[PDB]
Amino acid sequence: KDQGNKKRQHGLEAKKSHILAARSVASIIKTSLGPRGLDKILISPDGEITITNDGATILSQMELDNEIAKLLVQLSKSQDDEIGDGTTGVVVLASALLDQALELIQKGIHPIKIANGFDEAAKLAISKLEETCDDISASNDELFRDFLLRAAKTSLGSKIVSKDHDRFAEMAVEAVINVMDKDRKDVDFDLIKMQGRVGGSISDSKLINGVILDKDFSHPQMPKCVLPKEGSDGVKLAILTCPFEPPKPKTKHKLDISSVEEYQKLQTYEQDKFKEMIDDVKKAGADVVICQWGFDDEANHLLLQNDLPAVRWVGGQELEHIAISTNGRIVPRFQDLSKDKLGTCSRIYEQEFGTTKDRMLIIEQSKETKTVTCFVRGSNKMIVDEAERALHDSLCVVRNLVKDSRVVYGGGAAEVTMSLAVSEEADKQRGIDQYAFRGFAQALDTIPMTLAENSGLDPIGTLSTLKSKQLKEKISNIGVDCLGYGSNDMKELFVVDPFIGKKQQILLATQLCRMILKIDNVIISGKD
Amino acid sequence: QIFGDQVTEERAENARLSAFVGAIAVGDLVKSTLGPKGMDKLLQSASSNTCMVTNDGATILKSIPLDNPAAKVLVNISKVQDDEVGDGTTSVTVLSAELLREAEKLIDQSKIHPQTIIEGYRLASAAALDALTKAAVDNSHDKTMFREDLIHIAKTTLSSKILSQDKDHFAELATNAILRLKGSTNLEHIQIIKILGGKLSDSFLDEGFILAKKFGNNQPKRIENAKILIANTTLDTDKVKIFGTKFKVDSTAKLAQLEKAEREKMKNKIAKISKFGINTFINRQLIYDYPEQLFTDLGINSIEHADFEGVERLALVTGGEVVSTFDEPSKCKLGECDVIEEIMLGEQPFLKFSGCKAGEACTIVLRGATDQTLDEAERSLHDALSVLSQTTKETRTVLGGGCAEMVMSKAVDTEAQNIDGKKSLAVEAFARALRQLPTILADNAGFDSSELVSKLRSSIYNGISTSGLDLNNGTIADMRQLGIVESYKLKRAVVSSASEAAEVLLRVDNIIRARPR
Amino acid sequence: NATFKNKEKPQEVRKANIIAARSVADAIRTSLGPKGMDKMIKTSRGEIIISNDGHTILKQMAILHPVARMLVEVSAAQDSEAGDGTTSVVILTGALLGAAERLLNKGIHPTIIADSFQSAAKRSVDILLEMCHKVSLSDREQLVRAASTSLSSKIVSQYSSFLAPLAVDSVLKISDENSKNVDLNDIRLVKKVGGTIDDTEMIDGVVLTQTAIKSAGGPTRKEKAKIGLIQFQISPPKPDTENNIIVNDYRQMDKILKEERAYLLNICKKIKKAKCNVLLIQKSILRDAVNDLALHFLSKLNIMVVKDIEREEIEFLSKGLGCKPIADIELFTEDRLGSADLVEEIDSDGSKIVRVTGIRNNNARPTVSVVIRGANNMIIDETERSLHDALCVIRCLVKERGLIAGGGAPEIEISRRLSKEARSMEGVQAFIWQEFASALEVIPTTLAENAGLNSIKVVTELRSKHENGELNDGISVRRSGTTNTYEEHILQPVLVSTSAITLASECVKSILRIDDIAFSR
Amino acid sequence: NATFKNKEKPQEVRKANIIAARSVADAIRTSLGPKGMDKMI
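Residue numbers (the entry's author numbering), protein chains in the order written: chain E, 33 to 560; chain B, 4 to 520; chain D, 8 to 528; chain d, 8 to 48.
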């Protein structure tokens, strides 16, 4: 099928071509590794120019015909959710592993043995990391919170928000606390909604304990706010999914009035339906009517006369958020609405951010809730995007830190320690295992060298000094000058990376290397 | 093949070559137009029926299409000059092009990532801006007339607002809140106190800094000779989230004991504060009874719930700092406050700070009838202060004819010596880029640019020299005697924009091809 | 010595611009003077145009080079201000461009060239104004003599004794004295077939080019009349969108006819109620200008009707009458109407021209409309051209009073004086002034070459003669040599030469100031 | 940071010489040992 314009490689150039393609893909974001990584210009087909050093963003927006590169990019897309901030490091490590595998194959080693040896080396490196890891939560709660805030600030400082990034870190920590419990120590990002718009400043960030529902209340005369009514039991919400209109035909409609009899009959039917719905709403005791669909003119008029602000076109996920925040339930229809299923919230009011005149509607609880929304604003679209990315990274880092008390330190110190351990263990295992361990150690050496290169330091001398310091004197956390630092020994600089994060990075790099190596034949057809 | 739609990443060598050379080439479109004696440029349309000749740099840049993405980025970054000043776009573009050319030359001499070049450019720009600020002069003589104009402007702005209840009083308050600062006029230096129990006409003026939400349970109501340091520590409600955690305890008593031990663990950090010579402590979060007693034993005042805006303003007025941990004793920056008093305004607690070290701030107390009146008064005061602040931005001028630019270049050269060798080259490159402007000005004037530039450099280097370029006689003359001056704001904005534009492109490694339009 | 390497050479753009401009100037130069050679330009439509007029040649040349179009712009400016000498300004621009090229070859920056040319032009203008023989607008004799001198170049010469005073009076009625610049475009030349050259009229008010209704009911005149400009037409309802008449009974047809007649009568009555005694209907091919029933209604209403009026006439009357146009009958009111003592059609020997006199309106101005009569179309065309030339000359006199000797005498004198004075200058300024003085002699050289005289000998003769006289001897085609132009009644307004110098200086400055060419779309 | 300009390109000549020497060495390599392959010239 589609034999014409079909290309394939197998037996001679498959391995070399795949490894070269992987190296070329890696070189796209290799220079962007680290906080001071060089930026790349990304331009949309419409001509919108953007600047960012995020490896995940760079790879996601890149399309290509190479099969190995496409597979690597697709795997990175899935890994972005698992870690997020480690995509570039994982890609670089996989590229280094493939480069070493090239030499190993040139020496006569079968790919399966290379993959098995890399897996064993990854296991040994993870064991070494676990042995050398330190516990923060088991030392002091104050120190644990300080390290959480420090990680959030470090993530935020790489963007424009660095001027006032403290507020973003505090909001992220509060959202994680509200949404995550210690039973599982996992943050449910589905309950942490990310929303924002162009305008305002970085100081307009706000954490909401419920859904936003920035709606216009349908009818122009419909009140735009639901007040607590001077100390009353908050605001009662009618969670409904049935549209606030009587059944209508789907074929003709055109229910026009031609005489008195037809007018009377149609008015009787429609008014009876609307009165039934509005009476059910009133009996339920709800103060605000929320429907998954829109509202009819008669329904809007009746709600306005009864002082019942309306919310139109609320999505299913929004309804679930309403139920979670207000401890309510979703009522399929008006006839099933009762006071026992209405949700309660502190208030539904309009909130202004900076100079914004939209006056968006927000549902606020002011109490601890299982679902929150992270609101992000900024003077430019780039500011908002960077703030959202930094908030996501901070949330992931906090989740990783809380999930596992064991942590490692950045700047390549963990990579250097793993490389030293793997090199030491290599001489103990005979056969192809020795070559595999040496290759894995050399690949691990790539990350600190790349970081040093990105920081303007000599990778050779920097790596040699790091190895000497970590071997001759003692095992510690010594890395490269990723940022402006007085000296080395990140341990005193408080550059901490979660242990689970590093373990996931290593495992994903090994898996990607195996996936690329295990493909010995590629076939691609033509295009129409 | 990568990406698509004619938008693909170029080879690293060619990508960097484009990023630098194409961006620099944008200056050539407007370099000839620099200065009043600049040349004219012809822009020809495809039909040739709408061609026109103009010497405006902004028009030339916005009219001529730029296919190279680097040129697009450079122009987009330089566009900030039009909004900030509305003039001098040609100077911004020329300075950015010269900085990029110097950075390219440095890279050709190093072949290393320009991050060190970026840092050197940042340092040189900071030094040049400091020198420019030092070289500026004030034309705000007869400050009484300026005060009268400010009063009139305030009265004009207060019209149709809630503050119209006492127009003269509020105009005087607004004028004072800007004039008495003797420095930055930003709203962060002006505090507004909103309380109920009176009329807006009864507003009081307080030069001191006032905060709300008084602190302490057993703390004194008066603090003298305070040594203020701000920290962000969780001294209250530790272990915020514990639901779902399994505790190896027989009863809740042991869990409470574990929490008490965790709270006690903070005693080391609490004690470390005393080693800094600190007698006043400010914490962003609340402070529990145990840490409060620990501070009391050390004789340190404990201030609670300082939040962020309060912390920032208190540090700014007292010149302090905010930290999260105490790594080493005796290593920190401490603020000072002569007297701190606990006061209540409108049945609401407040903290009064007096004698702040070099404090430059003012406070206005509003006595309203409801929330709407107080909010409207605050917004009207903010608008009036923003309008009045214009007087503190004008009248600031620097010597023209390249004198200020040459002084800035000399300052940068001086900075090039008290710096590491790996950055002295970048500092010298920034100085050369600054010096390029007078050379282009002389070239556009039709005179021997080299001779004039060398003479100006020698004169400026040789002490208290106010000489500059004489584009009318083609010689060197004293700018101060001739009264040739240029706006300080314009020069500062141009230099800052050029530095930012250079930094934007320096950090770029590769550039993706722009999609043709 | 050594200069900048200049890997990129913006000077190439300036060289190309100078080459193109000098080529255009040389092409236009050969047409200078009455003996100038004719130029042939074939249009893209196949029409062949032969003429020695610089304006027409430049327009038909279809110059594509953007910079060379500066010469066309200079010619247009000269026509607007001076009205003559479009060849001289181009020749001067070419000479200045050549001088600038020579200066650049010497290592002089273009900006200094422009500044020194500006200074030299200022000095030359001052020198020219010094030697000008002043005249007074109140002295009709001098203006009549100047007009006759200008008209002598036309076929109609023996009748110049009437054409000259006609234009003199027409201009004086609106310029008086000490009025600075006066625009002659407000003077309208109305041509009518019939009569002879001697048949002419000025009409201090305004003259319409259309006759009154010759059918029944046409008053042909009306005293105490108000004149308004009507853009609509008097016709039954004519919607611009889809429309039709539906009839289902004889009564319906009668009702429709009565409605149409009532609409016409109502339109006429609305026109009358505004007190518009003179109706000026714009020409239209979609709606009848004035229906027969409308004509009868207007006649019964004592309203003068003039139709078949073109847009140009309406635009002219907008200033001549001082009134405003009426978009539709709904906006037809008295405020949109003018005034006049009487409006009537004048028919002395078949003239049949409607005139408006005694407007007495503040907005209205005495836009004298000279009536041109003649049995043959050629007579009226030549009279119009001759009167236009006379009006241009009189305008040149009004803006700057006085005349100067023709034949290049002022050019030679100014060149000699500037050359003598530049010896006291120092630096690049002296060289540029010497080059400017040398270039100034282009005009006399071109005149000598076009006249078939020895080019070099004529310049020497003029220079030698100027050592004794002053603005008296120059090149005259009548004597085929150098003679006393002042005694030969060969005089030209000083404004022509002053504007030529100023425009040449501005054009050379603009050309030299262009240093690069870029595309913008 | 700043390092040597390296305006010249001796690397091309050095690499060409290294390539030639390595080619000769590879040609001679297969003759090592008692079981070395014979070479015919």
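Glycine included, every Cβ here is placed at the ideal spot set by N, Cα and C.
- The C-alpha of D/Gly345 lies about 17 Å from the C-alpha of D/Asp335.
- Under the 8 Å Cβ criterion, the segment 69-84 of chain D counts as touching the segment 512-527 of chain D, having at least three qualifying pairs.
- According to DSSP, residue pairing for B/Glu227 in a beta bridge involves B/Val342.
- Between the segment 8-25 of chain B and the segment 101-116 of chain E, the count of Cβ pairs shorter than 8 Å is below three; the stretches do not touch.
- In the pairwise beta carbon analysis, the segment 431-448 of chain D is classified as touching the segment 113-131 of chain D: at least three pairs are separated by under 8 Å.
- The C-beta of E/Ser187 comes no closer than 8 Å to any C-beta of chain B.
- Closer than 8 Å to the CB of d/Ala27 there is not a single CB belonging to chain B.
- Here D/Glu494 is exposed: its Cβ has fewer than 16 other Cβ atoms, across all protein chains shown, within 10 Å.
- Using a Cβ-Cβ distance cut-off of 8 Å, the segment 152-159 of chain E and the segment 455-473 of chain E are in contact, since at least three pairs of beta carbons, one from each stretch, lie closer than that value.
- Contacts with chain d at 8 Å (Cβ-Cβ) do not include B/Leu126.
- Taking the C-beta atoms as reference points, D/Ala525 is found nearer than 8 Å to B/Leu46.
- Listed along chain B, the residues sitting closer than 9 Å to d/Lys12 by beta-carbon distance are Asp111, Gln112, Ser113, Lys114.
- B/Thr11 carries a coil assignment under DSSP once its states are collapsed to helix, strand and coil.
- Under the Cβ criterion of 8 Å, D/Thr118 is counted among the residues facing chain B.
- Taking a beta-carbon distance threshold of 8 Å, B/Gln168 does not count as an interface residue toward chain E.
- A buried status is given to E/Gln397, since no fewer than 16 other beta-carbon atoms sit within 10 Å of its beta-carbon.
- Judged by DSSP in its simplified three-state form, D/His72 adopts coil rather than helix or strand.
- One Cα belongs to B/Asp374, the other to B/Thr255, and the distance between them is close to 46 Å.
- DSSP places E/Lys47 in the uninterrupted alpha helix (DSSP H) bounded by 46-62.
- A direct Cα-to-Cα measurement between D/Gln18 and D/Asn112 gives close to 11 Å.
- Beta-bridge partners of E/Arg40 (DSSP): E/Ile555.
- Scanning the segment 368-453 of chain E for uninterrupted beta strand (DSSP E) segments of 3 residues or longer gives 375-377, 379-383, 392-396, 404-410, 438-441, listed from N- to C-terminal end.
- Looking from the CA of E/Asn332, the closest CA among E/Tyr295, E/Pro275, E/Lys280, E/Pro364 belongs to E/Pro275.
- For B/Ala131 against B/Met482, the beta-carbon gap comes to about 18 Å, at or over 8 Å, which does not count as contact.
- Contiguous beta strand (DSSP E) elements confined to the segment 113-201 of chain D occur at 195-200, taking only those with 3 or more residues.
- In its chain, beyond the 5 residues on either side, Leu286, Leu287, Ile288, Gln289, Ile333 have a beta carbon closer than 7 Å to the beta carbon of D/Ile237.
- Using a Cβ distance threshold of 8 Å, D/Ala219 and D/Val363 do not count as a contacting pair.
- E/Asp529 carries a strand assignment under DSSP once its states are collapsed to helix, strand and coil.
- By the 16-neighbour rule on beta-carbons within 10 angstroms, E/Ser190 is buried.
- Under the three-state reduction of DSSP, D/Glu230 is assigned to strand.
- B/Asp141 and B/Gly403 have their C-alpha atoms spaced approximately 14 Å apart.
- Under the Cβ distance rule, E/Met94 counts among the residues neighbouring chain B, one pair being separated by less than 8 Å.
- The beta strand (DSSP E) runs lying completely inside the segment 437-521 of chain D and spanning 3 residues or more are 480-483, 488-491, 498-500, given in chain order.
- DSSP, reduced to helix, strand and coil, places B/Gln47 within a strand of the structure shown.
- One alpha carbon belongs to B/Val243, the other to E/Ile209, and they sit about 8 Å apart.
- E/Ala101: not part of any beta strand (DSSP E); member of the alpha helix (DSSP H) spanning 99-114, first to last residue.
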